[PDB]
Amino acid sequence: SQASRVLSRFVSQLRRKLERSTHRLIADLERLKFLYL
Amino acid sequence: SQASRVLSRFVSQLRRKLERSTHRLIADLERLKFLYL
Amino acid sequence: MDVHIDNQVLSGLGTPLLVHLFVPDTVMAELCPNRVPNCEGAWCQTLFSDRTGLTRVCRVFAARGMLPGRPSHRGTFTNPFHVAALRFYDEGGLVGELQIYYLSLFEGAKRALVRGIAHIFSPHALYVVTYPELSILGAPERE
Amino acid sequence: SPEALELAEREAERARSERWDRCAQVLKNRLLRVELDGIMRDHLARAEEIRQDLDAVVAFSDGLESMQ
Amino acid sequence: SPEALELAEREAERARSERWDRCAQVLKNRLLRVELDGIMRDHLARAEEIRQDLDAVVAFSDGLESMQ
Amino acid sequence: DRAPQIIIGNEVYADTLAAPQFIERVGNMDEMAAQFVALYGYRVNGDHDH
Amino acid sequence: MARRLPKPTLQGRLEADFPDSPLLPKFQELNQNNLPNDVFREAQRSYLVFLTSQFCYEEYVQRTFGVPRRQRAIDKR
Amino acid sequence: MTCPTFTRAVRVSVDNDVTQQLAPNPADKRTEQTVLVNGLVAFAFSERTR
């Protein structure tokens, strides 16, 4: 019950934000390719 | 008994692999700074 | 530092936003030859490329400063890709125009609150203060 | 002498073009160094979010047996 | 005196004309472009590795609850 | 305490945080036995004059 | 590269010489391919210099280490 | 292996002492020195050894 509340929602909170740094490099290195290069 | 060896050691392995991307991006971007720039 | 609140009570209520910038004497060595005079009359203006053109002229008083606890900042205190220009005079024969740029400032305003930035026009390091109340290539070329 | 005028313009065109080549390469180098610093700070700035939320997961998981 | 005026102009012509040459090369930009793609491939590799480990840890968490 | 400037060729060098930009660090010989191939290759491939 | 000191007087044919070095087959990896003759010959001579220097440092590393207690203990009989 | 590349000259330009700080020209304040990097100092050669 409460184990399903904790150890799934918090892993989803981990994964949905561990995708963010990948998306951030996807944004910023392509920003370098278009902007200063 | 079991879950403290489960839900702590595996999380420790996950964090010790999370730190590798930070240190690698430090090393790679400084290498870009020094070697080609 | 007093110049910021002076502006915010007299000119900051006439102009919306302000970025408070401190210039080392080494950066001052670019414009002025063989002189170190105090920089009261220095006129900062904005100038933005490729859309429309306008300048707004204002004095921020400059005084030499010992107030940084860091030894390194010992010295004078006064759409990104565009220009600001400081026109500096004294009673004698000395007129200089200095060009500050953006993307040193918006990145620099990130946290004595101080951070080092680089000049594009006349490359040296400048230092930006942040107060607790707070098409590339064609853009320089036109002038 | 009218013939030397052209020569003066040719040498001047060479110098004015070289000034732009040198200025453009220097500004590209300095601004690219700045953006490598920027992407360094960017990846650190969301690695902070990663570690704050990891510590949130562990800090609330220590309260799991106080919420069961 | 015109003699020393001419001599200063002549030595001046020598050094002042010598100051003219400048150099630039193209290949540095292309190598600089290649290195970014290499580092992007490397970051994607480590990201997918740690994603597979993160997906595996949840499976271990479901698997070892049986032992209690 | 006085402000230094380091003129290495044409570039100037002021701040401490830009230290491994212009200055390179070379460790002891037993440690540097990882990198020696590149250490020869830059002696041949690389451009010293700039 | 603009002005270099002239090349020091050396005897040649150290590659095709009578003595046979274990480094020699790895040296066979380099080929002229693009280069003209004299450039490639002096470049490969420099590469052989690099190989011999690596061999000298490796042998010095193995030389310096010392002698074990166990071998001198066996040296009784 | 760790043999460095060609010798160079690097000019260190610093401000003078604060007791001697007074000048109209800020560029006059700096005193400057060129350090030889990776190079040695030597006596006069013979002509046979030249």
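Laid out as a table, the results:
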read-out	value
Neighbours by Cβ (under 7 Å, 6+ apart or cross-chain): first from segment G:31-57, farther than 18 Å from F:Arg43 by Cβ; second part of a helix (DSSP H, G or I)	G:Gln32/G:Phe40
Any chance D:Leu64 is touching a helix residue (DSSP H, G or I) at 6+ places or on another chain (Cβ under 8 Å), surrounded by 12 or more Cβ atoms within 10 Å (Cβ to Cβ), over 18 Å from A:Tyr36 (Cβ atoms) and at the interface with chain A (Cβ under 8 Å from one of its Cβ atoms)	yes
Selection count where residues are within 13 Å of chain D (Cβ to nearest Cβ) and either on the phi > 0 side of the Ramachandran plot or of a type outside the set (D, E, K, R) (or both), scope segment E:2-26	6
Among residues of segment H:1-17, those that are within 30 Å of G:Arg4 (Cα to Cα), of a type in the set (A, V, I, L, M) and within 7 Å of another protein chain (Cβ to nearest Cβ), counted	3
Some residue of segment G:32-53 being in a loop (DSSP other than H, G, I, E, B), within 13 Å of another protein chain (Cβ to nearest Cβ) and loosely packed, with under 10 Cβ neighbours inside 10 Å	no
Some residue of segment D:10-27 being assigned to a helix (DSSP H, G or I) and within 17 Å of B:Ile26 (Cβ to Cβ)	no
Tally, over segment A:16-37, of residues that are within 8 Å of chain D (Cβ to nearest Cβ) and within 12 Å of the chain's Cα centre (by Cα)	6
Hits in chain H - residues which are farther than 27 Å from G:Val49 by Cα, aliphatic (A, V, I, L, M) and not in a loop (DSSP other than H, G, I, E, B)	H:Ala9, H:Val10, H:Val12, H:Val14, H:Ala27, H:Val35, H:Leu36
Top-ranked residue of segment F:16-43 - restricted to ones that are outside any helix (DSSP H, G or I) and in contact with a helix residue (DSSP H, G or I) (Cβ under 8 Å, 6 or more places away or on another chain), ranked as farthest from C:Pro123 (Cα to Cα)	F:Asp30
Unmet criterion (only one of (1) part of a loop (DSSP other than H, G, I, E, B); (2) buried (at least 16 other Cβ atoms within 10 Å of the Cβ); (3) within 14 Å of another protein chain (Cβ to nearest Cβ)) for C:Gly92	(2)
Candidate set: segment H:18-50, residues that are surrounded by fewer than 10 Cβ atoms within 10 Å (Cβ to Cβ) and charged (D, E, K, R); chosen: the one farthest from the other protein chains (Cβ to nearest Cβ)	H:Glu47
Selection status of C:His124, within 14 Å of chain H (Cβ to nearest Cβ), within 23 Å of D:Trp20 (Cα to Cα) and surrounded by 15 or more Cβ atoms within 10 Å (Cβ to Cβ)	yes
All positions within segment C:1-57 that are in a loop (DSSP other than H, G, I, E, B), under 20 Å from C:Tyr89 (Cβ atoms) and among the aliphatic types (A, V, I, L, M)	C:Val23, C:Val36, C:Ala42, C:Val57
Whichever residue in segment A:15-37 is surrounded by fewer than 16 Cβ atoms within 10 Å (Cβ to Cβ) and aliphatic (A, V, I, L, M) and, among such residues, is farthest from D:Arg46 (Cα to Cα)	A:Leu37
Residues of segment F:13-35 that turn out to be among the aliphatic types (A, V, I, L, M) and under 14 Å from the mean Cα position of the chain (by Cα), as a count	4
Residues satisfying the stated conditions in segment E:27-50, i.e. closer than 30 Å to B:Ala3 by Cα, within 13 Å of chain D (Cβ to nearest Cβ) and charged (D, E, K, R)	E:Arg46
Residues located in segment F:4-35, provided they are out of contact with any strand residue (DSSP E or B) (no Cβ under 7 Å at 6 or more places or on another chain) and polar (S, T, N, Q)	F:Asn10, F:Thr16, F:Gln21, F:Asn28, F:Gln35
Which numbered condition F:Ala38 misses (of (1) more than 10 Å from chain H (Cβ to nearest Cβ); (2) of a type in the set (A, V, I, L, M, F, W, C); (3) in contact with a strand residue (DSSP E or B) (Cβ under 9 Å, 6 or more places away or on another chain))	(3)
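Reconstructed Cβ throughout: ideal geometry from the backbone, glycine too, with neighbour counts over all protein chains shown. Read-outs: derived from the displayed coordinates by stated rules, not from any lab.
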